[PDB]
Amino acid sequence: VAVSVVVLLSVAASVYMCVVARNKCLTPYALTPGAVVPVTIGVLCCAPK
Amino acid sequence: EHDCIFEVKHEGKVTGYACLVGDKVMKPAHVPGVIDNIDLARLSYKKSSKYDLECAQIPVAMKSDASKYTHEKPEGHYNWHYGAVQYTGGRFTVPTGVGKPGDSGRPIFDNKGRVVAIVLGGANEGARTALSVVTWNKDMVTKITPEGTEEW
Amino acid sequence: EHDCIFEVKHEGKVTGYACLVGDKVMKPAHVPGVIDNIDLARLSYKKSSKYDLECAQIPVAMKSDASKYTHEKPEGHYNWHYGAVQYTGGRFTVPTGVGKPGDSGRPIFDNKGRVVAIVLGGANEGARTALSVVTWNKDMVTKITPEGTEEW
């Protein structure tokens, strides 16, 4: 049970940190007037342009 | 309307402003409260931490008569709600203390009306005060707060 | 002025408005019932679902009946079949709320004679209306829409 809970929590912490890194990365593009959202669209939620 | 203010009113009284530019209702995240207008409240305002901005996308047909953003700044005299700002050498100043301690969302634009920056506040230094601003320009956003200029 | 814009008729009703420039017959792909002019309609046209465009190849006997064009978009305000158009910040608007469904196909001009935009659909907002056109850029041609449209 200990190795199962540590596998669960390690995966969860990795995913949490990865998504907050992505969220920090995307932020200065939603703020500015004038959308550019360059060639890195592969991880992007900014659809309409 | 031409004054973008759309007063951010809290507990009935007011606490600052917010502007509407291009496609975006931006609120300075330094200010607490909601705006006076009714239908501009059901939006998913995204929160930037290291520099205060609370942007959100405009909804459909929401009278998009906003100001025009030109990501460039020649030096000289620009327009401001209380007067005329002087821009020289990257420094950005006005008369000291004439600005109130609560004009907290007032933008700046040229003679024509091309808005570029937004404001955060001032301090007391001399006859010319340093205007701490976050600003949208150079196809991104950034913050220039000097030393010693506490927020309005 | 008058530069031979060609309607699509069916059953007595005309909405589809093809245009033809240079070598290519550019038609919006709505409202089928291909054009009255059978000497110009017997041509197998190529259809593109991404750009909603029809790309028939003109007959050589129509060598003279077209316009000139451009692959750059200068800045300012222009004319069209109804009124004025204002193109600034990289996007179009139409003069003050006059458009109706079925006008998809008129071209947009410059102050000296060329032709840039072909209009498919548009977005109602209030004072200054928005519209989606296909336009040129140095043989790499795309589509651009505003958000909040109904196809015309």
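In terms of determination method and resolution, the entry is listed under cryo-EM at 4.4 Å.

A.B. asks: What is the right way to read the overall build of chain A from this model?
C.D. replies: Each helix and strand counted, chain A has one helix and zero strands in total. Overall size of chain A, expressed as C-alpha extent along the three principal axes, is 50 × 15 × 15 Å. Every one of the 49 residues in chain A was classed for burial, and the buried ones make up 10%. Accessible surface, chain A as shown: approximately 3,700 Å² in total, 75% of it carbon and sulfur.

A.B. asks: Explanation requested: the relation of the copies chain C and chain B in the structure shown.
C.D. replies: Copies of the same chain, two in number, are related to each other by a rotation about an axis and a translation along it. Taken as rigid bodies, chain C and chain B are interconverted by a rotation of 64 degrees and an axial shift of 0.6 Å, the fit giving an RMSD of 1.6 Å. Overall, the copies show the geometry of a six-fold rotation axis. Closest approach to the rotation axis within chain C is made by the C-alpha atom of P74 of chain C, at a distance of 20 Å.

A.B. asks: Explain the interface of chain A and chain B here, please?
C.D. replies: As a measure of interface size, the accessible area lost when the parts come together is often cited. If you look at the interface, chain A gives six residues, while chain B gives 13 residues. Roughly 970 Å² is buried in total at the junction of chain A and chain B, and carbon and sulfur atoms are behind 74% of that figure. Considering only the surface of chain A that becomes buried against chain B, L31, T32 and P33 of chain A emerge as the three largest contributors, covering 60% of it. Here chain A is connected to chain B by zero salt bridges. One can count one residue pair in polar contact joining chain A with chain B.

A.B. asks: Looking at this structure, how should I read the state of the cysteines?
C.D. replies: Covalently bonding the sulfur atom of one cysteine to the sulfur atom of another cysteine gives a disulfide. A full pass over the atoms with the stated rule returns one disulfide over all chains. Left without a disulfide partner, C18 of chain A is nearest to the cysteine sulfur of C25 of chain A, which lies 11 Å away.

A.B. asks: I tried to follow helix α1 (residues 2-31) of chain A on my own but got confused; where do I start?
C.D. replies: The periodicity of an α-helix, 3.6 residues per turn, causes residues three or four places apart in sequence to face the same way. Across its 30 residues, α1 of chain A extends 44 Å between first and last C-alpha, which sits within 8% of the 44 Å expected from 1.5 Å per residue. The largest bend in α1 of chain A is about 30 degrees, located at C25 of chain A, with the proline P28 of chain A one to four residues further on.

Cut-offs used in this document
Residues numbered from 1 in each chain as written, not as in the entry; some residues may be left out. Chains lettered and ligands numbered in written order. Part of a larger assembly, values for the part shown. Heavy atoms only, no water. Helix = DSSP H or I, 4+ residues; strand = E, 2+ residues; numbered from the N terminus. Buried < 20%, exposed > 50% of the residue type's maximum accessible area, 1.4 Å probe, protein only. Areas by Shrake-Rupley, 256 points an atom, 1.4 Å probe, with all protein chains shown as cover. Least-squares fit on C-alpha atoms. Contact = heavy atoms within 4.5 Å. Buried area = accessible area lost by both parts, 1.4 Å probe. Salt bridge = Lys/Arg side-chain N within 4 Å of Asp/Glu carboxyl O. Polar contact = N/O pair within 3.5 Å; in protein donor to acceptor, adjacent residues only side chain to side chain. Disulfide = S-S within 2.5 Å. Expected span 1.5 Å × (residues − 1). Bend = angle between axes of the 7 residues up to and from the residue.

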